[PDB]
Amino acid sequence: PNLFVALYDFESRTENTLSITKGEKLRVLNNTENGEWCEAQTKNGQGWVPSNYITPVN
Ligand code: NA
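Residues numbered from 1 in each chain as written, not as in the entry; some residues may be left out. Heavy atoms only, no water.

X-ray crystallography is the method the PDB entry states for this structure, with the resolution given as 1.0500 Å.

Below, the structure written as structure tokens:
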């Protein structure tokens, strides 16, 4: 399973991050060893977001 929803709006100016809106669904494509960031896919493309800003959806 790799479906999640954003807990909060997240928007960074940092290159290679993805902006997400609270309530938006996303899928996780890649993780990191420490689990703090993950590469997400939404209708707006792909990029990295903080893992603590998302939560799974069955
Ligand atoms: Na995090």
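Next, the rest of the story.
Asker: I tried to follow the pattern of salt bridges on my own but got confused; where do I start?
Answerer: Oppositely charged side chains can pair when the atoms bearing their charge come close. With the rule as written, the count across this model stands at one salt bridge. Between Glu 24 and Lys 43 there is a salt bridge; the shortest N-O distance is 3.6 Å. On the criterion of sequence distance, the pair formed by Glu 24 in the loop between β1 (3-6) and β2 (25-31) and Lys 43 in the loop between β3 (37-42) and β4 (45-50) is long-range, its members being 19 residues apart. A residue is classified by how much of its surface remains accessible, and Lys 43, at 73% relative accessible area, is exposed. (Salt bridge = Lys/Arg side-chain N within 4 Å of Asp/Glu carboxyl O. Helix = DSSP H or I, 4+ residues; strand = E, 2+ residues; numbered from the N terminus. Buried < 20%, exposed > 50% of the residue type's maximum accessible area, 1.4 Å probe, protein only.)

Asker: I would appreciate a short explanation of the nonpolar core in the present structure.
Answerer: Where a protein is soluble and globular, its nonpolar side chains tend to be buried together. Judged by nonpolar contacts, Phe 4, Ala 6, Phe 10, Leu 18, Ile 20, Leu 26, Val 28, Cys 38, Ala 40, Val 49 and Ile 54 together constitute the single largest core of 11 residues. Of all the elements in the fold, those that place two or more residues in this core are β1, β2 and β3. For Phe 10, the contacting residues outside a window of four places in its chain are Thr 17, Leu 18, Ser 19, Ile 20, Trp 37, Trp 48, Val 49, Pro 50 and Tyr 53. (Core = buried A, V, L, I, M, F, W, Y, C linked by side-chain atoms within 4.5 Å. Contact = heavy atoms within 4.5 Å.)

Asker: Sorry if this is basic, but what is going on with the coordination of the sodium ion here?
Answerer: Perfect tetrahedral coordination of a metal by four donors corresponds to 109.5 degrees between them, and perfect octahedral coordination by six donors corresponds to 90 or 180 degrees. Within the protein, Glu 36 (O), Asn 52 (N) and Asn 52 (OD1) serve as the donor atoms for the sodium ion, at 2.4 to 3.0 Å. In this pair, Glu 36 sits in the loop between β2 and β3 while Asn 52 sits in the loop between β4 and β5 (54-56), placing the two residues 16 residues apart along the sequence. (Donors = N, O, S within 2.8 Å, 3.2 Å for Na, K, Ca; no water.)

Asker: So what exactly am I meant to see when it comes to the environment of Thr 21 here?
Answerer: Inspection of the secondary structure puts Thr 21 in the loop between β1 and β2. Classification of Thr 21 as partly exposed rests on a relative accessible area of 45%. For the pair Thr 21 and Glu 11, spaced 10 residues apart in sequence, the C-alpha to C-alpha distance is 8.4 Å. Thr 21 has contacts with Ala 6, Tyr 8 and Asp 9, leaving out every residue within four places of it along the chain.

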